[PDB]
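One structure is given below, encoded as structure tokens.
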6 protein chains.
Amino acid sequence: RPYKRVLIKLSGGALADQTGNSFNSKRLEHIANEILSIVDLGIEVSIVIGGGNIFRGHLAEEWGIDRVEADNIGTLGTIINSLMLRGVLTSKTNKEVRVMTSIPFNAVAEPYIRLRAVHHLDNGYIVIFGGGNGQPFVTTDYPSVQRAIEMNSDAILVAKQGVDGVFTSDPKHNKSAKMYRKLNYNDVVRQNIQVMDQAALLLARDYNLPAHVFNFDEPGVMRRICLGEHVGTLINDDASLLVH
Amino acid sequence: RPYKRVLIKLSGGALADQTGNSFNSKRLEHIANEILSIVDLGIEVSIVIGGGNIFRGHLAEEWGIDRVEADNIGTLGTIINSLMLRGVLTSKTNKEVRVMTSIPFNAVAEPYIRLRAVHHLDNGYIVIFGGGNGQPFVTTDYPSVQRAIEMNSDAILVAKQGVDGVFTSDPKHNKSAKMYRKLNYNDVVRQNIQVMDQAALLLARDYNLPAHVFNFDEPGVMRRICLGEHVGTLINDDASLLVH
Amino acid sequence: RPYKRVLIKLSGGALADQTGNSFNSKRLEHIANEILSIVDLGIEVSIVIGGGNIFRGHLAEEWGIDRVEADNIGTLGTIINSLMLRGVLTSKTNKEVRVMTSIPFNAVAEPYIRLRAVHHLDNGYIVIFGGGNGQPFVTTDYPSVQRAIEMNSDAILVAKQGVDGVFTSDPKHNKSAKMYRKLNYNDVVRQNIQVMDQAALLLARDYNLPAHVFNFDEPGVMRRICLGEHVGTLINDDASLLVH
Amino acid sequence: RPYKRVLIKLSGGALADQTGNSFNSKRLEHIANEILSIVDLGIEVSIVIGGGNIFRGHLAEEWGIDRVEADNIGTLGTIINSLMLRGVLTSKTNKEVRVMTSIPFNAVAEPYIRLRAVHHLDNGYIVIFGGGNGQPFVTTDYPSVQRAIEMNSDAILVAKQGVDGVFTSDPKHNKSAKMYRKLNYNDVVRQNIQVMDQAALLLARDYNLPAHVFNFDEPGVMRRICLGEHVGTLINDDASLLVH
Amino acid sequence: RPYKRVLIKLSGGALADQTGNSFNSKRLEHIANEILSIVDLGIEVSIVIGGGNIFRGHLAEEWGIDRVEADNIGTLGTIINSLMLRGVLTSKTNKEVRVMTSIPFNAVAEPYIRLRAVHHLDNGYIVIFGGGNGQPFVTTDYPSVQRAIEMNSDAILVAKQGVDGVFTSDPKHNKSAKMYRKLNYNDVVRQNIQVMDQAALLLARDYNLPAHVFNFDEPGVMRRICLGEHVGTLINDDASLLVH
Amino acid sequence: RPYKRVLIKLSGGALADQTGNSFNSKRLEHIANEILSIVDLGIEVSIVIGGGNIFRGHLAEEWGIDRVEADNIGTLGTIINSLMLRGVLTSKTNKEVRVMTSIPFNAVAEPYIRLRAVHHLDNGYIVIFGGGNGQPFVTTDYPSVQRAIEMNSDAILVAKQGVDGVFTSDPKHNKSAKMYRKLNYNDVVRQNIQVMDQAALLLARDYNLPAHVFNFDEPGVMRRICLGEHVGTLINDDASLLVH
Ligand SMILES: Nc1ncnc2c1ncn2[C@H]1O[C@H](COP(=O)(O)OP(=O)(O)OP(=O)(O)O)[C@@H](O)[C@H]1O
Ligand SMILES: Nc1ncnc2c1ncn2[C@H]1O[C@H](COP(=O)(O)OP(=O)(O)OP(=O)(O)O)[C@@H](O)[C@H]1O
Ligand SMILES: Nc1ncnc2c1ncn2[C@H]1O[C@H](COP(=O)(O)OP(=O)(O)OP(=O)(O)O)[C@@H](O)[C@H]1O
Ligand SMILES: Nc1ncnc2c1ncn2[C@H]1O[C@H](COP(=O)(O)OP(=O)(O)OP(=O)(O)O)[C@@H](O)[C@H]1O
Ligand SMILES: Nc1ncnc2c1ncn2[C@H]1O[C@H](COP(=O)(O)OP(=O)(O)OP(=O)(O)O)[C@@H](O)[C@H]1O
Ligand SMILES: Nc1ncnc2c1ncn2[C@H]1O[C@H](COP(=O)(O)OP(=O)(O)OP(=O)(O)O)[C@@H](O)[C@H]1O
């Protein structure tokens, strides 16, 4: 469909090359351009970023840091990325971009407030959500679908980086994995498909939020999706299809 | 002297190798061991870490982010590093380690409260300060000297990497530069020596907080310092000396 | 198993008769006694209550109140019940009972803080959690399992009122519904069983939290469960069984 | 007089029938209509509701909860009622309706701020105050008169149920009790009349806030009052009169 | 009678001479000594100070500052005095003295929390309450009685300067005015006696708090009162007496 | 030169005569007029006041209050003065004047937020900063320069009372001391000139903020300075001059 309000979910990994780590101005420029391409059509955007380029559980395990404790750390990463992204975004747009946090940091970002968030979006601002949900045991996926629904979003675009959609089985291997053009919710859980949190998926299904999994790394594809093109995978309550 | 209370100032750069970036478990293990070695003498320790291994102004300039905005981003880094550090320290100690923030994040760290901080230290806890000062235009040095004094610290140990103390002119060229055994405040400013912030220097001087600049990368040296040994450089209101 | 730490989840409905509504001192006395029966064995308890006896979606629909808005209201109900329950509990015990909120109300209840919560429990206090998760789109079930895991609980006891366990199909009808002695996670989702949130169930499964669904209305049964007796249904990763 | 700004004080009991308890959509519809009827004249309205339809001291006594503790519980009720009310009002109006709390709950309601409250009212919003005063030992009356004055209100309309105004001696026996058309402050206290708190009364008197006690259950009467009509009782520093 | 717990109400004017203004260390020393005399008997003390030696409505009027605004300024005065007083008290006692505010300033004083205040008192600390009630339109009298009741105080000692009690009619004038040994509440309001806020009087009368009005400026007298002596005036529900 | 944006640093002592203490409405009127004279040219003004007319370390020492504690008291002084000043300013201007605190007091003043402050200033408001920096060990000078830079101020006007500028050596004594027309930063520190904090000086020197030291007590002079005139002393990175 032609969406008017959208929620883009970005992995923290997308902001960094893979090499050393952190940020990579070539990657931040790509991200910014892809984002501005949508807003330029007057679509209202909310962005939820992960903190993967800063902090990983790989280290929490190493020092046996309590899971709730490792999540708090990783959450701060998301706020660092949100703040960065805003810098990059402001440089290229003249639109207002607001960073809202689930852990009010104030004088760093605005404490997150729903109706305020809706308000901004309505006023045509770009809003960025940091610190996800504020809760533990959860991935970037869940909070992001939760905010999408809270913000009366039309769709959630879940940006991937090199994987062009959702496949039957991991193509990084199997001669023949096929990619879904369409994918049912219940069908994803049934065939235990491993694309996004189950909890996120369920919520999205419960509220009828559609999701698009696609290649963020490929220029233009997020615009084509918003423009109505069928690129990548669409997760719906429609009945499953499959590229040909 | 034999100190009873100390504030160690660690750069974020110390928590990472240089290569890629972030954290380096070999480095975090060294840091923990060096800190434990001091507490093991029942010396009360406070730690102030920088956020350099996460965020650098090298970027802010790239995207022209406001100096005050870059500082807030870099500040969250200090809190990420504080939370890590704590994790590592807990793994190896039985002592209580408390992270206090100047930007109360709560349910992530304790909001900083002076007399609570003092109190902990008095109860033999290891306390870590994140978010520095909360203020802008300032480096890690300044807040660290400010918290040192606030905590009735006996000295501030400013841990350096690779560099053994304070020289006449940086050994990074001046072949025959010499290292000070002792360094007067007023003299450091006079001969415009660039070791730590002028502002931090001034404060320490005004409140008579002594400073030790030494090689943290060298096992033992922080203990020898606390044990009364003369290694690295001592910044005092005594009168300048010089290794031989 | 003989649990040492437990999380009891109580529906707000349990505090009221059904008639008019609110509280019912006969019901609050029952609740208190059932709770004290467990702690009297030195088991450490956390309680999560629903706000059903105060607020229902039946009215939100009636006035088309936004779902996120109706949830906030219902959340305040949970804090009213937590505070009440504490009153009733204090009257009958000499143990310390703490109410902790996910929306720090202060000077009404203590802002919820994990390690503090763990601490209390360790010190043998009875802790009550109000305001659930602080998030929308969620039922009392989910936050309660989340806090159970956060609090390193051994099991979650999900108290029912007239339904003695989990059945094949609703017995309020079908001549032959059988009750499970044991119930697999995956098995509950597979056969789309409608006992507790899927999201709560998944989390519990992911973290290995066991759950017991039973008759709170029947005196003694929560003690028998903690004492190791097989009464009601046990939701495990064991393989499904069935009463005979 | 023809008022430009008013503060209506509603008991929680008005939001419920008496029967069971809670809310009664027929009652919430009446309340909304009566409030709209006044704003429809471009009079600026603030509302203070009680929490009686949720919590009563009848219980606190039963379980001997501290008076200060019972008051906090009852206070949360006022905020639940404020949130409901707002929902109902939004459904029927296009005007902006704001809920401000004396216990900043945020992302549930706006923390109360005086000049913001005034400002709203000035911008023609309908504002609702929940959590009364935040203080104990006090009834709904007092804070409502305090917020009335704080808001530069022209009058306070104290909506009663079933009772048409203030009588000589409650018509609940005294057959020939008579209703005051006008009632002096000092006289209400002198002849110890029990209509509203002495403290609220005193304050109103000190700041010259006029009060109207009337039958809210009677359609129209709140408008007739604002329109200058003499219905119900007017509490003034004029000199006492009496219906005929 | 002998009281175990007591609230001392001190006006800001007592901390200063009258001359210029602010603080007078001779006066501060008197205040400290009188306070310690009472605690030295292991009576538990709470203190409420006014902000009069710093700010008075005399200006507010001059520049027409909103009464609510003037009070907010006046309130900051009480906190300043609390903090001073604490300094003074600390210098002379070994006891712990805690300053608690009604406007949580944190890292300046502790946010006021009831059960914490009670606890402190129970642990033999000296507690000082600053920022009164947080509310406008009210004097020091009211909040101080409110805090007395909240703290389960046995009596409220209202220290006056110059006047040894409550007289029939002010004695500058009334050459044969007489001082009450005992004063009924209802009588004070009846004969409209202007000694302390009506609102504060009514509260104390409703909860049975006894009040003592006496000459703070006279060494010993506050101890005499606590020792059971009959000096100054005692406001009770007993029946009015009169010195002879 | 002509400045568009300016920070005025006022000592607390200027609001009072010297005699007794507190506020002097003749002095407050002078201050208001001098401030308005500048804004009347549509120059944007921020103001930083000291708390000296209320509290001084003269006591702190007397009763040995911890330096950090004394400062916290001193800081409450600045907020009181801010609030007063605002009252005064409001009475004479139609312009909006906002008080922002570094210790969010809310419903007393607005919590300080940078971009909000900048915005206000941009919208032509007058902004007052209270509670300085929030930090200890520092004077009014430092925070005021820090806020100047944060606010993108063009200059910092440091109003002095009695002394028309910066002299070679203090003129009570130095009968032939001379006043600088211009003063280099590095020179002020070199010749250890004691006019304003070194720390404040260094900051301003690092960010290029120009400072003006002049006689506030002399009508007109602050306008003359802003009008491009050369009155008082100008601290720059130009090269030192000297009146003739
Ligand atoms: N930490 C923060 N907490 C709260 N608000 C913040 C914070 N940081 C920035 N702000 C915001 O406060 C400012 C204005 O508040 P507000 O949203 O009411 O603006 P507005 O008047 O509605 O819109 P506009 O900017 O177009 O004038 C903006 O600069 C915005 O960035
Ligand atoms: N955000 C926070 N705010 C306040 N307290 C916190 C926060 N995070 C952790 N805490 C702390 O609260 C708890 C209790 O505080 P405190 O240090 O005074 O304990 P205690 O009762 O004196 O005894 P103990 O030394 O055994 O902890 C600690 O266990 C610690 O985790
Ligand atoms: N709103 C609140 N916010 C924070 N703490 C609160 C609040 N309400 C009550 N408290 C608590 O503060 C008090 C003591 O704090 P703390 O947990 O450090 O106690 P403790 O010294 O560790 O234990 P104990 O009560 O056994 O002496 C208790 O009365 C407890 O109820
Ligand atoms: N907890 C809260 N804290 C602060 N603001 C809140 C909170 N909840 C809601 N708000 C509000 O923040 C928003 C913006 O504030 P404000 O009323 O000043 O809007 P505005 O920019 O001046 O214009 P408008 O009248 O269109 O809303 C509102 O839409 C309102 O929902
Ligand atoms: N703004 C604040 N918020 C919370 N607590 C505060 C604040 N300011 C001060 N405190 C307090 O926290 C500190 C520790 O609290 P607490 O009195 O419960 O300590 P304790 O470990 O139980 O033992 P004790 O105080 O007797 O030495 C106190 O010294 C006091 O300074
Ligand atoms: N403690 C506080 N926290 C937040 N905002 C506050 C606080 N105290 C005061 N305010 C402010 O909130 C009010 C509304 O904010 P704002 O200035 O952005 O209004 P506005 O609707 O955009 O228009 P305008 O102020 O020009 O009339 C101000 O009048 C000011 O009083």
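Going by the structure tokens order, chains are called A, B, ..., each with residues numbered from 1, while ligands are numbered from 1 in the order shown.
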Problem set entry | Check: which chain B residues lie within 12 Å of chain C using only C-alpha atoms, as a list in words |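 Result: residues 98, 105, 106, 107, 108, 109 and 110 of chain B.
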Exercise. Any idea what's packed within 8 Å of region 155-163 of chain E, counting only C-alpha atoms, ignoring anything in its chain fewer than 5 positions away? Could you give it as a list in words?
Worked result: residues 3, 5, 6, 7, 8, 9, 10, 11, 14, 145, 148, 209, 210, 211, 212, 213, 214, 215, 216, 217 and 222 of chain E
May I have the selected residues written with N, CA and C atoms, as a compact mmCIF listing (two decimals), in the first residue's frame?
# COMPACT_ATOMS: atom_id res chain seq x y z
N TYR E 3 6.43 14.44 76.79
CA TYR E 3 6.21 13.96 75.44
C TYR E 3 7.43 13.19 74.96
N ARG E 5 7.70 12.46 71.44
CA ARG E 5 7.91 13.01 70.09
C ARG E 5 7.32 14.40 69.97
N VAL E 6 8.05 15.28 69.32
CA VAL E 6 7.66 16.69 69.28
C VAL E 6 8.04 17.43 67.98
N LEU E 7 7.21 18.36 67.55
CA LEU E 7 7.49 19.16 66.36
C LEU E 7 7.71 20.58 66.82
N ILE E 8 8.85 21.14 66.47
CA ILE E 8 9.12 22.52 66.83
C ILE E 8 8.91 23.46 65.65
N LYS E 9 8.02 24.44 65.82
CA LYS E 9 7.79 25.41 64.77
C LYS E 9 8.50 26.69 65.16
N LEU E 10 9.43 27.07 64.28
CA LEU E 10 10.30 28.22 64.43
C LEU E 10 10.06 29.16 63.25
N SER E 11 9.90 30.45 63.52
CA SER E 11 9.76 31.42 62.45
C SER E 11 11.15 31.78 61.96
N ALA E 14 13.41 34.42 63.82
CA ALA E 14 14.17 34.09 65.01
C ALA E 14 15.64 33.82 64.69
N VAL E 145 1.85 21.83 61.43
CA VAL E 145 0.95 20.96 62.17
C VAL E 145 0.66 19.69 61.39
N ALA E 148 3.48 17.49 61.90
CA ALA E 148 3.44 16.97 63.28
C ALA E 148 2.55 15.73 63.31
N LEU E 209 -3.87 17.24 68.17
CA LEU E 209 -2.51 17.72 68.45
C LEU E 209 -2.56 18.86 69.44
N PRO E 210 -1.77 18.75 70.49
CA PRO E 210 -1.75 19.87 71.44
C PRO E 210 -0.68 20.85 70.96
N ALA E 211 -0.89 22.14 71.21
CA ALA E 211 0.10 23.13 70.83
C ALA E 211 0.57 23.91 72.03
N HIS E 212 1.83 24.33 72.02
CA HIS E 212 2.35 25.18 73.07
C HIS E 212 2.88 26.47 72.47
N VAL E 213 2.35 27.60 72.91
CA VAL E 213 2.85 28.89 72.46
C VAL E 213 3.61 29.49 73.63
N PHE E 214 4.85 29.88 73.38
CA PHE E 214 5.71 30.33 74.47
C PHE E 214 6.85 31.17 73.97
N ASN E 215 7.62 31.73 74.90
CA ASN E 215 8.75 32.60 74.57
C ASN E 215 10.03 31.81 74.26
N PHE E 216 10.34 31.62 72.98
CA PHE E 216 11.54 30.87 72.64
C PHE E 216 12.78 31.63 73.11
N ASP E 217 12.68 32.95 73.09
CA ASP E 217 13.78 33.84 73.46
C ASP E 217 14.23 33.71 74.90
N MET E 222 11.56 25.81 76.80
CA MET E 222 11.12 24.70 75.95
C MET E 222 11.35 23.35 76.62
Exercise. Just asking: which residues within region 17-201 of chain D are strand (DSSP E) according to DSSP, as a ChimeraX atom specification?
Worked result: /D:44-49,97-101,110-111,126-130,155-160,182-184
Problem set entry | Coordinates-based distance that separates CA of residue 91 (chain F) from CA of residue 69 (chain E) (Å, one decimal) |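 One can read the CA of residue 69 (chain E) to CA of residue 91 (chain F) distance as 13.4 Å.
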For this session: Quick one: pick out all alpha helix (DSSP H) residues within chain C from a backbone DSSP run and write them as a ChimeraX atom specification.
Result: /C:25-39,57-62,67-92,114-122,141-150,185-190,198-207,221-226
For this session: Name the residues in contact with residue 99 (chain B) at a cut-off of 12 Å, using only C-alpha atoms, excluding same-chain residues fewer than 3 positions from it; report them as a PyMOL selection string.
Result: chain B and resi 46-49+78-87+89-90+96+102-113+116-117+120-121+125-132
Exercise. Distance CA of residue 233 (chain D)-CA of residue 52 (chain D), one decimal place?
Worked result: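 Atom-to-atom, CA of residue 233 (chain D) and CA of residue 52 (chain D) are spaced 23.7 Å apart.
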For this session: Might you pull out every residue within 9 Å of region 206-208 of chain F, with only C-alpha atoms counted and same-chain residues fewer than 5 positions away left off, and present them as a ChimeraX atom specification?
Result: /F:149,201,236-237
Go ahead and write the residues just picked, C-alpha atoms, as a PDB file, in the first residue's frame.
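Result file is result_15.pdb:
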ATOM      1  CA  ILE F 149      28.953  29.961  25.319  1.00  0.00           C
ATOM      2  CA  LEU F 201      38.754  33.210  32.079  1.00  0.00           C
ATOM      3  CA  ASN F 236      39.881  39.816  24.434  1.00  0.00           C
ATOM      4  CA  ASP F 237      42.554  37.979  22.534  1.00  0.00           C
TER       5      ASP F 237
END
Exercise. From the set E:150, E:197, E:122, E:238, which residue has the shortest atom-to-atom contact distance to ligand 5, counting only C-alpha atoms and all ligand atoms?
Worked result: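 The shortest atom-to-atom distance to ligand 5 comes from E:122.
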For this session: With a distance cut-off of 9 Å and only C-alpha atoms, select the neighbouring residues of residue 54 (chain D), excluding the residue or stretch itself and same-chain residues fewer than 2 positions from it, and output the selection as a list in words.
Result: residues 22 and 54 of chain C; 12, 13, 21, 22, 23, 51, 52, 56, 74, 77, 78, 80 and 81 of chain D
Problem set entry | Polymer residues at most 9 Å from residue 229 (chain D), only C-alpha atoms, same-chain spacing of 6 or more positions, as a list in words |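 Skipping anything fewer than 6 positions along the chain leaves residues 1, 221 and 223 of chain D.
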Selection file, N, CA and C atoms, as a CSV table (one decimal), in the first residue's frame:
chain,number,residue,atom,x,y,z
D,1,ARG,N,-23.1,36.2,39.0
D,1,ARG,CA,-22.5,37.0,37.9
D,1,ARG,C,-22.3,36.1,36.6
D,221,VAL,N,-29.2,23.2,35.4
D,221,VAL,CA,-28.8,24.1,36.5
D,221,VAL,C,-27.4,24.7,36.6
D,223,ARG,N,-25.7,25.7,34.1
D,223,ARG,CA,-25.6,26.8,33.0
D,223,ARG,C,-26.4,28.0,33.4
Exercise. Pick from C:186, C:140, C:194, C:123: nearest to ligand 2, with only C-alpha atoms and all ligand atoms counted?
Worked result: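 Of C:186, C:140, C:194, C:123, the one nearest ligand 2 is C:123, counting only C-alpha atoms and all ligand atoms.
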Exercise. Expressed in Å to a single decimal, how great is the separation between CA of residue 232 (chain F) and CA of residue 164 (chain F)?
Worked result: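 Computing it gives 5.3 Å between the two atoms.
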